[PDB]
Amino acid sequence: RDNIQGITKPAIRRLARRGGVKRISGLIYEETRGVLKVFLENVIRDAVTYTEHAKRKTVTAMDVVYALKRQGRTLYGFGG
Amino acid sequence: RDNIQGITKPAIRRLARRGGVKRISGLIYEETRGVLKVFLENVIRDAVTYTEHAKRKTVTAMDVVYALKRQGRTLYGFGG
Amino acid sequence: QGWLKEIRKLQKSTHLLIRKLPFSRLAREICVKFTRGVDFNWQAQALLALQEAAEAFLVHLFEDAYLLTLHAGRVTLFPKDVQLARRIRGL
Amino acid sequence: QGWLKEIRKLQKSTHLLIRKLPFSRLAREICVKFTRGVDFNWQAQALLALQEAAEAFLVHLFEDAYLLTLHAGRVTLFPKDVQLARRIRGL
Amino acid sequence: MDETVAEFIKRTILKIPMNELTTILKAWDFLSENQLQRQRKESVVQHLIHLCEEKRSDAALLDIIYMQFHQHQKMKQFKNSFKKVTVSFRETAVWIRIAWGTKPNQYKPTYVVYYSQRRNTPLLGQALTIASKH
Amino acid sequence: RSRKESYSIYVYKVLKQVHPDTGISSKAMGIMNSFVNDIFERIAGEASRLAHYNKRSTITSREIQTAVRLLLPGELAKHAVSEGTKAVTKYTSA
Amino acid sequence: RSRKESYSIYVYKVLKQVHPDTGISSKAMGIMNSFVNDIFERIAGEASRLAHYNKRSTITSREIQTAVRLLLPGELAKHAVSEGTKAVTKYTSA
Amino acid sequence: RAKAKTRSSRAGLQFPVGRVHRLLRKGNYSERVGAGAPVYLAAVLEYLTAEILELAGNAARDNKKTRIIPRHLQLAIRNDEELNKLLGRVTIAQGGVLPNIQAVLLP
Amino acid sequence: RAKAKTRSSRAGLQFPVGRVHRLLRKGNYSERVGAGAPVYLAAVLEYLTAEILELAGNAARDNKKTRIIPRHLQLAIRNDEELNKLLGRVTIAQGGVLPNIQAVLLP
DNA sequence: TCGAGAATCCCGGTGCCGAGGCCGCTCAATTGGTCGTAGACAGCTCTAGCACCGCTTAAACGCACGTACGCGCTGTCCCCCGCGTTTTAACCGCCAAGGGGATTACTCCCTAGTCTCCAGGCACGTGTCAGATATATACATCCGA
DNA sequence: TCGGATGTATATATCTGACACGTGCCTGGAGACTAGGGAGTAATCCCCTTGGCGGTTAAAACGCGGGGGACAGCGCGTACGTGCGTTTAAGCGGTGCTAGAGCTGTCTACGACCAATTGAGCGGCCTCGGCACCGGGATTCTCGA
C-alpha cells in the first residue's frame, strides 16, 4: 500500500535487462527505489517552479522539458 | 628530444600522489601522456578560434577561459 | 538460458517498462511535498515525459554500473556497484 | 614508508607540479597543428591557465580512477582503471 | 501545516476581486479591525500573509463567506459526528454552510449544502437528513 | 485562432528531396522539431556571446562561421563550415 | 587612458563587515571577481529565459526570485530569497 | 512592385530565412543582426537535418519499412560517431538503446 | 536639485545597484528591465559573498592567518556541502584539493 | 614491553614586498520630468483532466528450488619502491629587439525602421494504405534425453 | 555423439488509424525606401612577448634489490534465477463533470528616454607588517631486547 512499492521487482529487472545486466543481487530493489526517488525530486522540484511561475495549477509537457533542460538531460520528442 | 616526453615519470607521479594514489603501474606513463594530449587538443582547438576571431596573433588568458567555459570546466582566478 | 533471450528481446523493442498507473501515483505524491501541498493537475502527455526520462536515466545508469561489475571480476551486480557509479558521474 | 609522507606533503601545498618550460613547448607544438601552422604568441599569464587546468583535470581524474582500484580489490592502479573512469564520465 | 494554512490563505485572497477585496475580508475578521493599514494586488497578499502571522482549520471559514460573495460557481451536531477539512459551520435566513468534505485535503472542493428549515458524496447524504427534533 | 507554427513542412521537404519514397511518423516530427530548435538555440546562444566578448554589437555571418567551428566535432564541421559559405555567396549574387 | 572595473571595493567592504580584522590577498579578489560574474551570468541567463518562456518581455523582481529558486540548492535558497525580499521592501520604504 | 521572391529561394535552400531572421531578433541574442547571418545559418541547419535523415532512412530501409519511426533516429545517432559526440547528452523519447550485449557473456 | 542618494544606500545593501542595473541592460538579457529587479539581485549576490567569506575566514583563523589565501576558499567550498553542490563543476586556480587520504590505506 | 632512535612541531629570528590606505578626478549614477505601453486585471468558455466503476487478464507474489556464483582461501612471482649516484636541464636573471596589441580619427555602408502588398503557411479536411498485429504454414538449431 | 523439438519467417489477411495531400485563408515576409550610426579601415604609440647567454642547482635518469603486491587457482556455501500455482491490481472504456487554460478586452502603473549635475569610484603613490623562511630547541617521537 505504498506508492514507492508500486515499482515491482520484475519491473526493476525489466530495466536492467535492457541495460545488459545478467544477474542481479537482491539488495538492488531498495537502492533503485532510492535512486529513482532522488531523481524525481531533482526534477519535480524544478518542474513545479515553472508551473508556479506562470500562475497556473497544471504542469505541462514544456514544464518538464524546461526542468530537464537546466538539469542537463535534454529530452526531444515533445517540444513546442 | 620530444616535448610529450617532457612530462617525466616523477612529475606524473607527483600528480597521482596528490590524487591519493598509493602504487602506480608502469604502463600509466604512456596512457597519461595520451589523456593529457587529448585534453589539450579539445582546448587549444577552441582557444585559438577565439584568438583568430578577434583578428589577433596572440592568445590571451580570456581566450583560454572562454574555451574552458564552453568545455564545461570553469576556471576562476583570472577573469576580466 | 532465457535471460540472454530476455536481453535481446527488451533491447529490440522500445516501449515503456514501468507501468503507468503506479508511476502516476508516485509522481503525484512527490508533487504534494512541494508548493505547500494543494495539488496539481497533470497533462497526460506530461506524465509520459517523466516515464521516458526516468527509464532513460536508469537504463543508462546500469550500463555505467554493470561495467564496474565486470571490472571487479564479478558478474552479479551489487549496490556497491551502483553508488560508486553515481559518485564518479558527479551529480 | 615515505609515500604517506609524500601524499600529505603534496596535498598540503598548492603550487604547480609540471615544470613550465617543458609544458610551454608542448602547448606551442599543439597550436602549430591548427590555423595552418603560422605561430601564435602566448601571454605568459595565459600559459598558466592551461597548467592550472591540466593538473586540476588530472588530479581530479585519478581520484575518480583510484576509487576503481579499491573497488576491484586492488591497490596498484592500472590503465584499465583509467580508461573506464574516463568512459563513465561521458566526455 | 501553517504553510499549508497559508497556502489556503494566499489562494483565497487572490481569488477574490479587488473591487470587493476590502468588503469581504472585513466580513471574515480573520485579522483585526484596525490592522488593515491599497496599491498593488500581488503585493497586498505579500503583506497580509505576513500580517497573518499574528492570528495564525484556522482560516477556511473565510472561504464560506467567499461563497456568499461568489455564489454562481456551483445544536446542529448532525455533521461533526461524521469524523471517520472537517465541518466548518457559520451562522446566517436561518441556516448554515458546510465547507466540509475532504485523508486531509481542505484545498479541494468541499461540498456546500445549507438547511433553511467524489466518493464522499455517497455518505455525506447519510449523516445529513438525521431528522432530529431541532 | 491558435495559429501556431513549426518546422513541420521544411523537414518533410528536405526528406523528400534526398529520399524519394521515405515517410516519417508524426512522433518523429516531434524529434526533428525539438532537434532543430536545440541546435538553433545553442548556435545563436553561443554566437551571442562572441559579440559581447569581442565588444561588438552585430551578429553577422562571421560569428556563425566561428560558432559552427566550435559547436561541432571537427570532421562534421569541415562540411558545415563550407556549406553555408557556399550558400552565403549565392545570396549576395542575386 | 583605459579604465577597468571590478567588484573588489564592494567585496572588501563585505569582508571588513563580516570580520573587522580579516584581510585578503590580491589573488583571492580575482577569485571573487570571477566568482560574482559567473553567478551574475547564470542568474540573469536563466531569468532571461523565463521572460522568453512565458512571453512577457519584462524582467521584474519576481523572475529573479524564481531563478534563484531554480539555481541555488534547496536549503541555501531559503535564506537568500528572504535576504532578497527584505531588500525590496526597504527599497519601497522610501 | 516586383514579385515577392523568397530569400530562401534566392539562397536556393530549404529552411526559411524569413522565419529565422524574425526569430533571431526576438530571441534577444544581440542588438544588431547582420543580413548575411540568417542565410548562413539556415544552410548549417539544412546540412544537419540532411545528415541525420540520410542515416535514418538506411535504418528504415534495412528494417523493411518506408516510414521512419523514432527508434530509427536513435539507431542512426548512436551508430554514428560524430553525431553521438554531438548528441551524447541528449536522450530521445521512444528511442530505446543499442542492441548492446556486453562482450564476455557467451558460451 | 536634491543630494545624490545611492540606490544601494537606499536599499541598505553593499553591492552597487547602479552598476548592476547598467550591466543588466547592456548584457542583452531582455528588452525591458524592471526597477525592482537589480535591487533584488544585489542582495542575492551579497548573501552569497557573505556566505563563502564567513567560511573562508574560519579557514584563515584555524590556520593562524589573518590574510585569506586562495586555498582557504578551496577548503571552504569543499567542506561545505551545499556550496559544493553549487560549485562542483568549477575549479579554482591555486586551490589544491582536500586532504583526502582514502579510507583503507592504513596499518 | 623497552630504549635510543631521528622525527615532529614549535618558536623567535631577519626581512621583503605588497596589500591598505590616501590622493586628483571623471564619468557614470542619480536626480527631474515626460509617454506609452506592457501588462495587470477581470471576465467568458470550452477543452482536457480527475474521478469512478466495472471487468478484465495479464501481471505479480511467493516458493521450492538446485545450481550457479561470490569469496576467502593460499601459494607464486613478476614487477613497483626506495636508495644512491651520476648526468641533465629547468630556471633566474639579464638584455636586447620588435612584432604586435591597444588607441585614435576616420567615412559609409549596412541595417533598423517604416509602411505598403500578397502568398506562402496553417488548420482542416477525407482517401487509403503502410503496417501491424493478426494467424498461420513453412524453414532451421542444437537442449537436455 | 543424430533425431528433434524448439526456435525462426516470409505470407497472408484484414483492419485501421495515422498521414499524405487538397483547400481556404490570413497573418507575416517582402519591396522599396529612409538616416544614422556601427564599424570597418587606417595610422600610431609602447607594451610585452620573444629569443638570446650562464650558470646555477635541484631534478631527473640509471640501476638495483627488496618484498609487496597481483593473481591463478580452489574450497564451500549461499543467494538468485526458473517454474508455477495463486492473488490482484493495471488497464480500458466509459461516462459524467468541471476546474482551470486560455483568450479577449480596458486601465494604468511603470519603465524608457533625455538632459543636466555631482561624487563615487579608479589609477597612481607610498608606507607599513604579515607572511615567509633559519634553526635552535622543547616536544615527541620507534622496534634492539
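Numbers in chain A come straight from Swiss-Prot, and the residues shown are 24-103, in order.
Using N, Cα and C of the backbone, Cβ positions are placed for all residues, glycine too.
Record features, source Swiss-Prot:
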CROSSLNK  A:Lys32  UFM1 cross-link
CROSSLNK  A:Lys32  SUMO2 cross-link
CROSSLNK  A:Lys60  SUMO2 cross-link
CROSSLNK  A:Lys80  SUMO2 cross-link
CROSSLNK  A:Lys92  SUMO2 cross-link
CROSSLNK  A:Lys92  ubiquitin cross-link
MOD_RES   A:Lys32  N6-lactoyllysine
MOD_RES   A:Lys32  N6-butyryllysine
MOD_RES   A:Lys32  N6-propionyllysine
MOD_RES   A:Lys45  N6-butyryllysine
MOD_RES   A:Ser48  phosphoserine
MOD_RES   A:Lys60  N6-glutaryllysine
MOD_RES   A:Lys78  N6-(2-hydroxyisobutyryl)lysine
MOD_RES   A:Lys78  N6-succinyllysine
MOD_RES   A:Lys80  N6-glutaryllysine
MOD_RES   A:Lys80  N6-(2-hydroxyisobutyryl)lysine
MOD_RES   A:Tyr89  phosphotyrosine
MOD_RES   A:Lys92  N6-(beta-hydroxybutyryl)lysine
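Features per Swiss-Prot, on structure.
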residue	record	DSSP (3 states)
A:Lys32	UFM1 cross-link	helix
A:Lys45	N6-butyryllysine	coil
A:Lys60	SUMO2 cross-link	helix
A:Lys78	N6-(2-hydroxyisobutyryl)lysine	coil
A:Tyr89	phosphotyrosine	helix
Checklist outcome for this item: Spacing of the two Cα atoms, A:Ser48 (phosphoserine) and A:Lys80 (SUMO2 cross-link), in whole angstrom, works out to 42
Checklist entry - Checking A:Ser48, A:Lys60, A:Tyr89 - which of these recorded positions have a CB within less than 8 A of a chain G CB? => result A:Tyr89
Checklist entry - Rounded to the nearest angstrom, how far is the Cα of A:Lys60 (SUMO2 cross-link) from the Cα of A:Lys78 (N6-(2-hydroxyisobutyryl)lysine)? => result 27
Item to check | Closest of A:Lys32, A:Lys45, A:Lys80 to A:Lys60 (SUMO2 cross-link), Cα positions, recorded positions only | outcome: A:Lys32
Next on the checklist: Quick check on the recorded positions: of A:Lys60, A:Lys78, A:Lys80, A:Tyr89, A:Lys92, whose CB has the lowest count of neighbouring CB atoms inside 10 Å?
Outcome noted: A:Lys78
Item to check | Neighbour count (Cβ, 10 Å) for A:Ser48 (phosphoserine) | outcome: 15
Item to check | Among A:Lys32, A:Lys45, the one of these recorded positions whose Cβ has the fewest neighbouring Cβ atoms within 10 Å | outcome: A:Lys32
Checklist entry - Using a Cβ-Cβ cut-off below 8 Å, which of the recorded positions A:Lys32, A:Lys45, A:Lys60, A:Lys78, A:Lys80, A:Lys92 are near chain H? => result A:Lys45
Next on the checklist: I need the nearest neighbour of A:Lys45 (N6-butyryllysine) among the recorded positions A:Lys80, A:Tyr89, A:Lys92, using C-alpha distances.
Outcome noted: A:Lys92
Item to check | Alpha-carbon distance [A:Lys80 (SUMO2 cross-link); A:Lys92 (SUMO2 cross-link)] in Å | outcome: 21
